[PDB]
Amino acid sequence: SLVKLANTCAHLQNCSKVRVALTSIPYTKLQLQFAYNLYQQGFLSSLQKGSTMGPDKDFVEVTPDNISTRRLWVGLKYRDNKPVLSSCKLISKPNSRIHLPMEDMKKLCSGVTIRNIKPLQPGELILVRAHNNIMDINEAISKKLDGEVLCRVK
Amino acid sequence: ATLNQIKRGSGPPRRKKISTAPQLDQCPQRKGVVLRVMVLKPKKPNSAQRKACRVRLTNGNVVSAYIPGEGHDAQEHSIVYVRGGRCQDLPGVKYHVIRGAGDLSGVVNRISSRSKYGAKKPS
Amino acid sequence: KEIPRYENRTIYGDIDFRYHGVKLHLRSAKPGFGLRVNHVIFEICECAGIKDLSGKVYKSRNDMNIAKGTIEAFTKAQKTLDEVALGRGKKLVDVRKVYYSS
Amino acid sequence: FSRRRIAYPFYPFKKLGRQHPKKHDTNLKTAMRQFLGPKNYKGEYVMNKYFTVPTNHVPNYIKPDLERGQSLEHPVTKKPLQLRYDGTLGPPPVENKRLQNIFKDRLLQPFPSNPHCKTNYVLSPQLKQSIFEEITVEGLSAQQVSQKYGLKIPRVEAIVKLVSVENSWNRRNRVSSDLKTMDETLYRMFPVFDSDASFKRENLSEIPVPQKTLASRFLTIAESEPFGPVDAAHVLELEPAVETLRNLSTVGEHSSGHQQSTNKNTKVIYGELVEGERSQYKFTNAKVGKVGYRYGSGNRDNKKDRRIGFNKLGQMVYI
RNA sequence: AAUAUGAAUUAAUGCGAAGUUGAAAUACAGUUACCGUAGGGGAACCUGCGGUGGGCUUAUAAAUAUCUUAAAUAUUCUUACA
RNA sequence: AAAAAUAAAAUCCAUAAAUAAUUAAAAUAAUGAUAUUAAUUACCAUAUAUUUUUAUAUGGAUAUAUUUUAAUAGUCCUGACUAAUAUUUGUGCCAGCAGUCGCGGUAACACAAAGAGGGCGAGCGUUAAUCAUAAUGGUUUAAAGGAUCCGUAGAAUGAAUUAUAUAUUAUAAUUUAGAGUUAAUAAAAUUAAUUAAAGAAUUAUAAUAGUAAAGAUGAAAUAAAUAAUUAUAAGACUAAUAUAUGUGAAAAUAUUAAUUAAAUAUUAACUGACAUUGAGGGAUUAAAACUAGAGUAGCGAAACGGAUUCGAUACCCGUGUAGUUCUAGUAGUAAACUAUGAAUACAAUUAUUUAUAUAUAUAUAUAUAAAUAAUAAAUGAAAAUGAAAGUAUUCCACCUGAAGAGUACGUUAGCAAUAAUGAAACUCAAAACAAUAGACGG
RNA sequence: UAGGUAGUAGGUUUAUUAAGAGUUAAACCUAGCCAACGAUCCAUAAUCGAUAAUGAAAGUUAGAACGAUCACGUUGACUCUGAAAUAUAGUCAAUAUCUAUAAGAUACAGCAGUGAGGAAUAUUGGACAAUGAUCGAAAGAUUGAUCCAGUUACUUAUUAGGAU
Ligand SMILES: [K+]
Ligand SMILES: [K+]
Ligand SMILES: [K+]
Ligand SMILES: [K+]
Ligand SMILES: [K+]
Ligand SMILES: [K+]
Ligand SMILES: [K+]
Ligand SMILES: [K+]
Ligand SMILES: [K+]
Ligand SMILES: [K+]
Ligand SMILES: [K+]
Ligand SMILES: [K+]
Ligand SMILES: [K+]
Ligand SMILES: [Mg+2]
Ligand SMILES: [Mg+2]
Ligand SMILES: [Mg+2]
Ligand SMILES: [Mg+2]
Ligand SMILES: [Mg+2]
Ligand SMILES: [Mg+2]
Ligand SMILES: [Mg+2]
Ligand SMILES: [Mg+2]
Ligand SMILES: [Mg+2]
Ligand SMILES: [Mg+2]
Ligand SMILES: [Mg+2]
Ligand SMILES: [Mg+2]
Ligand SMILES: [Mg+2]
Ligand SMILES: [Mg+2]
Ligand SMILES: [Mg+2]
Ligand SMILES: [Mg+2]
Ligand SMILES: [Mg+2]
Ligand SMILES: [Mg+2]
Ligand SMILES: [Mg+2]
Ligand SMILES: [Mg+2]
Ligand SMILES: [Mg+2]
Ligand SMILES: [Mg+2]
Ligand SMILES: [Mg+2]
Ligand SMILES: [Mg+2]
Ligand SMILES: [Mg+2]
Ligand SMILES: [Mg+2]
Ligand SMILES: [Mg+2]
Ligand SMILES: [Mg+2]
Ligand SMILES: [Mg+2]
Ligand SMILES: [Mg+2]
Ligand SMILES: [Mg+2]
Ligand SMILES: [Mg+2]
Ligand SMILES: [Mg+2]
Ligand SMILES: [Mg+2]
Ligand SMILES: [Mg+2]
Ligand SMILES: [Mg+2]
Ligand SMILES: [Mg+2]
Ligand SMILES: [Mg+2]
Ligand SMILES: [Mg+2]
Ligand SMILES: [Mg+2]
Ligand SMILES: [Mg+2]
Ligand SMILES: [Mg+2]
Ligand SMILES: [Mg+2]
Ligand SMILES: [Mg+2]
Ligand SMILES: [Mg+2]
Ligand SMILES: [Mg+2]
Ligand SMILES: [Mg+2]
Ligand SMILES: [Mg+2]
Ligand SMILES: [Mg+2]
Ligand SMILES: [Mg+2]
Ligand SMILES: [Mg+2]
Ligand SMILES: [Mg+2]
Ligand SMILES: [Mg+2]
Ligand SMILES: [Mg+2]
């Protein structure tokens, strides 16, 4: 769901403004892939599976009995009195989805505004979804993949 | 507006200057015949005896044109050429007559800006 | 105040900053691009040492609030490559600069 | 705020006082006569320090800021002379310290307000012959002579071309005394090039700056990932910069690597020539869809950007 | 039947200058104003009915207070005592 | 530092044109309209050397030299926007200028000129036009949230897992977090419609004794009483509680009872995305008004009188008709307001109530929600908003300077009043909001 | 402009055509078809480009010039020939003019030119030398296509004197 992803993007911005060290997001494949990309890129300190009440200390298998109570817990980073994850916005919106070929993704990473999408800025992360997998735009260009431009994180 | 409202027509209004000489019919100038020469009083805070003239254009539109320059020889039945441009202090006078065209002579003894007053170059 | 400058000529990336009623959209520019911005922003860039910059002002174009907004944007809306790298634990490479390196 | 401003000298000068009614002089004209000094019966300005050319390979460029408008000196002793109350020229009261230790860069800077403009070094008549004899007789490559004397390859190729023109002129006695006099005078006005002097040597690593690369792309990679010039070149989809420099050094007509044969693959026919025919037909194979004048092409003749060229005879022709 | 033109005839409104008759609004504007509606009157306006605050949140006391070693002891103390 | 001005003349050296010779190319088998061709050469031809080019020397050709020879730009502008500092004269709100702001009433940087100056330039100016010049927007208070909700279309949007496919979509299976169904347990007595009752007072009438004034107002005057104690009749209204708290989609809703309908929390089970929003459409909708039939105490447009007043078609007083009431309808408008559409996810505190649950050393304590108040952050033109007017997402309505105008015309609906829909021309460079310091206030 | 449509929507059959189809004509059935994502109606307009203008761009504007396409040759309809024409043909009619007064000829939106209209747009020029086109076996003939020149600062470009 792009709506759920929009909710998570706004939630992370709200948490950064108040500078909470730990927060939770919905437990879904897309959310987990989204969070994992942020973790590998250094935007998130930690990524743990858990419940509504907090991160799990020991592995708890997820089943239909507890799926409704599952959450993903992420740790936010702050350095030099500044949040590492300052902004998080969707590019492809629920009511206007944007699919780009690899050629247009290369233009976006080169400073060209494609379909009103402002080009990639220094130190910014743009994520792309292709065949239900989320990857960095630079990685999609390396794999010659065409996909939906989901969001941009800075 | 929402994305669907924009799809249905919603959008920013367009900015483009509007015509201030509708009676000319998108022509640089139109010939006319002076119906009656008149003197009008500027709107406040201006005071003067501004010379104007009612003119019937070759397209049937009747307009009020300001006669520029010091002194004019325009009379009734005189053939005049009317161009765009309003007299700011005279409401309803939206046009100018061209000096030195038709039966309206150039300003007598004009030295500066002669081209604007139909004055030929002194030898 | 000190303002970060990328290569001591321009800003780091693009800036969309709102100072009261003034909407400032500043974009970084290539070397030799010059200053193509509001006249108020031009003077500030000259004193600050910014040589290449593009941008547009939207909504309010009040000179006083443009100057203050610009100064605030140059400090609160910029992040150096070094600061981004340290916060994220990643290496950020300027491809254009590496292309002309040994 | 702006107003018209007469270009009065920035330095102090003796303004006009009470003037006889028929002089009709100006403060600008009197300031110029003070800069120029007295004019002799021969129409010369001997007292001005710029009237005569230097003869020591050191350019005599104007330094108004450092001398504060004092341009007069003794024509033989080169000792400063300034205007006094009597209306005569005499030694200055205090020496000018700004004119005794001038930076080396400033000496080569002709315009006071532009320090990015410098004069070039003149090559001695000997270095030119050496370069000419090495490229032509010894058969060295322009790349070698360029890397040896610290001269850019285009300059090396130009020296060979020009020295060849000087040999034909000297072989036909076309270099007159006046030309020799002028050449020597101009030679003694410029700093001579010294191949050994490191600072005088021209940079040999310059490449044209492309436009696609002029943008600033940034990549976020792992903290310990190596990224080098070759990796950057792949990202920008350009040949490595070192390769560009090497390809630009093999362009000289006498440089190594100069090659042009991949184009000799276009079928050409030279029509038969019969006695009495004033011209020969040459046919060049082409491909339908590329050859021909296109239909409906933009006419630019009535536009400011109308294309203007020059034919083989040098006559201006519309393209 | 439509379109266009002129048209007897007839309705609404803008601006321009000063005057005339009142003083309706802005302060508690001298009867709180305004909204919907109805009736009445030279003119603004007046009156009835409900609604609104873009008017009253502008809001500010019937007061009453207690016992343990006043010092040879607390109050001093300068890295000390322990 | 007031220049005009290296400007002029003059000096040096050129080229164009002319003159002379020569002469391509468009076209060749030949044909050239253009054409008095372009170009080249400067006595012509020739030889040699000679990037080019140059140079020498030769044949003929004139008197040691060899055809001639120049250089007259206009137009707008100089108060600011907007480049134009060297001043001066005339005019005096006249004459006139003007793209915008404006200039002109005797020191006019703006009019008409001189001087000087700034542009563009064989064009310059001006008019008529085109493109660009802010939606990288808004709707509490400035233009702009529909009275409200229900719900159709939506070529609108919308959960989870897995597997395929031709892939952000489809299909299949599976799942329960959204949305619902039914019970159980506890809680509450409101909101609609209908029926049946109660209450204080008012007016009128009659009686009774008892009198001579009463009533009204700022003060007045107009129209066996007033007051008191009884009895009868009628219509309308609903004191305290009470906070409209709460409830209801809004409009609305507070004397009592009953009948019917709907409405809360948690738990258990069940369905398995069945949801959100909603053009058109539909329903409901204060007060006034209207159509019929009743009712009519009090109140009260109008009307007629009394006062007040310079006047009083008002404010105050009297008599008081419609109306206000009920029954059945029409109509669908309000400052129908929180001047703030609905839904979802999310973000830092305190206080105060309410509800549910838990515990006990039994009355507090501990939890989780809702409401309200004051706030942090954020937002904003600010006033302020504060869980939204914050961070985001989805859908709908609406706005594009003022005035003209919610007007004109047409159409639709209505018994009618009217309601809905809804312009343009002309004119202007205004118009509006928040806040600041004043001044003023019967 | 809110309802429109009645060969109208669909089915079947024949005629007609090289050829499908309510495309036309004939017959018989079904009750459909379009429409608030704008039907029907009315007004306006030749369309477009690798053309021109403008802008950072998306776009917007023009549709003169170059090129592509359509329509028309005073107006309407019809017919003939033909692969193809409601032909700048023929027929009839309409409007206007003309002379030869005939069931007549002409219609400059071919070139030049004139009057009119308008603020405003040119020579009643030269040549078939070139490139094409038509006729002819060829020789050649014809060509206001075309190529040139004239008029006009309408646009562009170059030049319109340098040193002292
Ligand atoms: K009033
Ligand atoms: K009212
Ligand atoms: K009223
Ligand atoms: K000039
Ligand atoms: K607002
Ligand atoms: K309430
Ligand atoms: K399912
Ligand atoms: K729906
Ligand atoms: K609706
Ligand atoms: K009554
Ligand atoms: K809505
Ligand atoms: K239509
Ligand atoms: K021909
Ligand atoms: Mg200026
Ligand atoms: Mg009054
Ligand atoms: Mg009043
Ligand atoms: Mg009042
Ligand atoms: Mg009344
Ligand atoms: Mg009232
Ligand atoms: Mg008030
Ligand atoms: Mg208040
Ligand atoms: Mg010549
Ligand atoms: Mg021929
Ligand atoms: Mg020939
Ligand atoms: Mg003028
Ligand atoms: Mg004066
Ligand atoms: Mg001016
Ligand atoms: Mg003037
Ligand atoms: Mg002058
Ligand atoms: Mg020109
Ligand atoms: Mg735009
Ligand atoms: Mg809103
Ligand atoms: Mg509302
Ligand atoms: Mg409203
Ligand atoms: Mg549930
Ligand atoms: Mg009584
Ligand atoms: Mg009560
Ligand atoms: Mg409440
Ligand atoms: Mg709904
Ligand atoms: Mg009420
Ligand atoms: Mg009745
Ligand atoms: Mg009365
Ligand atoms: Mg009276
Ligand atoms: Mg009364
Ligand atoms: Mg009703
Ligand atoms: Mg109304
Ligand atoms: Mg309304
Ligand atoms: Mg209300
Ligand atoms: Mg709901
Ligand atoms: Mg109405
Ligand atoms: Mg205000
Ligand atoms: Mg049909
Ligand atoms: Mg058929
Ligand atoms: Mg039939
Ligand atoms: Mg047409
Ligand atoms: Mg177009
Ligand atoms: Mg068009
Ligand atoms: Mg044409
Ligand atoms: Mg035809
Ligand atoms: Mg026809
Ligand atoms: Mg015909
Ligand atoms: Mg004709
Ligand atoms: Mg013609
Ligand atoms: Mg005419
Ligand atoms: Mg023309
Ligand atoms: Mg002519
Ligand atoms: Mg001919």
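A. Geometry of the overall build of chain B. Counting its regular elements, chain B contains 1 helix and 5 strands. Listing the helices and strands of chain B from first to last along the sequence gives α-β-β-β-β-β. Taking 14 Å as the expected radius of gyration for a compact globule of 123 residues, we find that chain B reaches 19 Å, considerably beyond that expectation. Projected onto its principal axes, the C-alpha coordinates of chain B cover approximately 70 × 35 × 35 Å.

B. Quick look at the sheet that holds strand β1 (residues 22-26) of chain A. All names here are of chain A. Read from one edge of the open sheet, 3 strands run β1-β3-β2, paired in antiparallel fashion. Because the sheet does not close on itself, it has two edges, and the strands there are β1 and β2 (44-51). The average angle at which neighbouring strand axes cross in this sheet is 30 degrees, direction not considered. The pairing of β1 with strand β3 (residues 70-76) spans 5 bridges and is classified as antiparallel. Each residue of the ladder has a partner; that of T23, found in β3, is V74. Sitting on the sheet, helix α1 (residues 2-18) is in contact with β1 and β3, with an inclination near 170 degrees to β1.

C. Region of the structure containing the side chain of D52 of chain C. Residue and element names in this part refer to chain C. For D52, the position within the fold is in the loop between α1 (39-48) and β4 (53-59). The class for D52 is buried, based on a relative accessible area of 5%. Of note is the side chain of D52, whose polar atom sits 3.0 Å from the side chain of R9. In this structure the side chain of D52 is engaged in a polar contact, spanning 2.9 Å, whose partner is the backbone nitrogen of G34. What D52 contacts, discounting residues up to four positions off in sequence, is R9, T10, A29, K30, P31, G32, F33, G34 and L35.

D. Quick peek at the interface of chain D and chain A. Listed per partner, the contact involves 5 residues of chain D and 6 residues of chain A. Summed over both partners, the interface of chain D with chain A comes to about 450 Å²; 46% of that surface belongs to carbon and sulfur atoms. Linking chain D to chain A there are 1 salt bridge. A salt bridge links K106 of chain A to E237 of chain D, with the nearest nitrogen and oxygen atoms 2.5 Å apart. Run the count over chain D and chain A and you get 2 residue pairs in polar contact. Split into classes, the residues belonging to the side of chain D that touches chain A amount to 2 nonpolar, 1 polar and 2 charged.

E. Spatial organisation of the interface of chain C and chain D. The interface of chain C with chain D comprises 18 residues on the first partner and 29 residues on the second. Buried surface at the junction of chain C and chain D, both sides included, amounts to about 1900 Å², of which 66% is carbon and sulfur. Linking chain C with chain D are 0 salt bridges. The tally of links from chain C across to chain D stands at 7 residue pairs in polar contact. Mapped onto the side of chain C that touches chain D, the elements with two or more residues apiece are α3 (81-88), β5 (91-94) and α4 (95-99) of chain C. Split into classes, the residues belonging to the side of chain C that touches chain D amount to 9 nonpolar, 3 polar and 6 charged. As paired elements, β5 of chain C and strand β3 (residues 218-221) of chain D share 4 bridges and run antiparallel to each other. Across the sheet, residue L92 of chain C finds its bridge partner in β3 of chain D, namely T220 of chain D.

F. Structural context of the packing of aromatic side chains. Throughout the structure, instances matching the rule amount to 5 aromatic pairs over all chains. Between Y281 of chain D and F283 of chain D, the ring centres sit 6.1 Å apart and the planes meet at 20 degrees, which makes this aromatic pair stacked. Members of the aromatic cluster, joined through ring pairs, are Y6 and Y12 of chain C together with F218 of chain D. The cationic tip of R36 of chain C hangs over the ring face of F33 of chain C; the distance from NZ or CZ to the ring centre is 3.6 Å.

G. Representation of helix α2 (residues 63-76) of chain C in the model. Residue and element names in this part refer to chain C. A rise of 1.5 Å per residue sets the reference length of α2, with its 14 residues, at 20 Å; its end C-alpha atoms lie 20 Å apart and thus fit the reference within 8%. Within α2 the residues assigned to the buried category are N65, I66, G69, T70, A73 and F74. Along the long axis of α2, the arc covered by the buried residues comes to 160 degrees, so they all point the same way. Next to the buried residues of α2 lie β1 (14-19), β2 (22-27), α1 and β4.

H. Summary view of the protein's contact with RNA strand F. As a structural note, the neighbourhood of RNA strand F is formed by 104 residues, with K16, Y66 and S115 of chain B together with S2 and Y8 of chain D the closest of them. Of all atoms in RNA strand F that approach within 4 Å of the protein, 67% are sugar or phosphate atoms. Interatomic distance of 3.1 Å between a side-chain N/O atom of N7 of chain A and a sugar or linking oxygen of RNA strand F. Within the contact set of RNA strand F, a phosphate oxygen lies 2.7 Å away from a side-chain nitrogen or oxygen of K121 of chain B. With 9 residues, the single largest contributor to the surface near RNA strand F is α1 of chain A. Per-class residue counts for the surface near RNA strand F are 29 nonpolar, 38 polar and 37 charged.

I. How the structure looks around the arrangement of the chains. Here the protein chains form 4 pairs of chains in contact, of which the pair with the most contacts is chains C and D. With no contact between them, chain B and chain C keep their nearest C-alpha atoms 14 Å apart. Looking at chain B next to chain D, you find no contact at all, with the nearest C-alpha pair sitting 23 Å apart.

J. View of the packing of helix α4 (residues 125-138) of chain D against helix α6 (residues 153-171) of chain D. Residue and element names in this part refer to chain D. Running from amino to carboxyl end, α4 crosses α6 at an angle of 100 degrees, the nearest separation of the two axes being 9 Å. In terms of their interaxial angle, α4 and α6 are classed as roughly perpendicular. Counting all contacts with α4, which are made through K128, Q129, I131, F132, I135 and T136, the residues of α6 involved are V156, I159, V160, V163, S164 and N167.

K. The pattern of salt bridges, seen in detail. Tallied over the entire structure, the rule returns 26 salt bridges over all chains. Close ionic contact of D65 of chain D with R106 of chain D constitutes a salt bridge, the shortest N to O distance being 2.9 Å. Placement of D65 of chain D in helix α2 (residues 64-67) and of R106 of chain D in helix α3 (residues 104-107) is noted, with a sequence separation of 41 residues between them. Each of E7, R9, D52 and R96 of chain C takes part in one network of salt bridges that share partners.

L. Highlighting the state of the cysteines. Residues and elements named next belong to chain A. Per the counting criterion, the structure on display carries 0 disulfides over all chains. We note that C9 lacks a disulfide partner, and the nearest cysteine sulfur, in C88, lies 3.5 Å from it. A disulfide-free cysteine, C15 has its sulfur positioned 11 Å from the sulfur of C88, the nearest such atom.

M. Fine view of helix α8 (residues 229-236) of chain D. Within α8 of chain D the residues assigned to the buried category are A232, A233 and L236 of chain D. Buried residues of α8 of chain D, viewed axially, fall in a sector of 105 degrees; they line one side. Next to the buried residues of α8 of chain D lie α4 of chain C. Once α8 of chain D ends, the next one or two residues include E237 of chain D, with phi positive near 55 degrees.

N. Structural detail: the environment of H57 of chain D. Residue and element names in this part refer to chain D. As for its placement among the helices and strands, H57 is situated in the loop between α1 (27-36) and α2. For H57, a relative accessible area of 24% puts it in the partly exposed group. When the C-alpha atoms of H57 and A233 are compared, they prove to be 45 Å apart, with 176 residues separating the residues in sequence. Reaching out from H57, the side chain makes a polar contact with the backbone oxygen of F190 at a distance of 3.0 Å.

Thresholds, definitions, all that
- Residues numbered from 1 in each chain as written, not as in the entry; some residues may be left out.
- Chains lettered and ligands numbered in written order.
- Part of a larger assembly, values for the part shown.
- Heavy atoms only, no water.
- Helix = DSSP H or I, 4+ residues; strand = E, 2+ residues; numbered from the N terminus.
- Rg over C-alpha atoms; globule rule 2.2 N^0.38 Å.
- Pairing = 2+ DSSP bridges.
- Axes fitted to C-alpha atoms, helices over the stretch in contact; angles between N-to-C directions.
- Contact = heavy atoms within 4.5 Å.
- Buried < 20%, exposed > 50% of the residue type's maximum accessible area, 1.4 Å probe, protein only.
- Polar contact = N/O pair within 3.5 Å; in protein donor to acceptor, adjacent residues only side chain to side chain.
- Buried area = accessible area lost by both parts, 1.4 Å probe.
- Salt bridge = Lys/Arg side-chain N within 4 Å of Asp/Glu carboxyl O.
- Nonpolar A, V, L, I, M, F, W, Y, C, P; charged D, E, K, R; others polar.
- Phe/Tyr/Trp six-rings, centres within 6.5 Å; stacked < 30°, edge-to-face > 60°.
- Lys NZ or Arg CZ within 6 Å of the ring centre and 35° of its normal.
- Expected span 1.5 Å × (residues − 1).
- Arc of directions from axis to C-beta.
- Near = heavy atom within 4 Å.
- Parallel < 35°, antiparallel > 145°, perpendicular 65-115°, else oblique.
- Disulfide = S-S within 2.5 Å.

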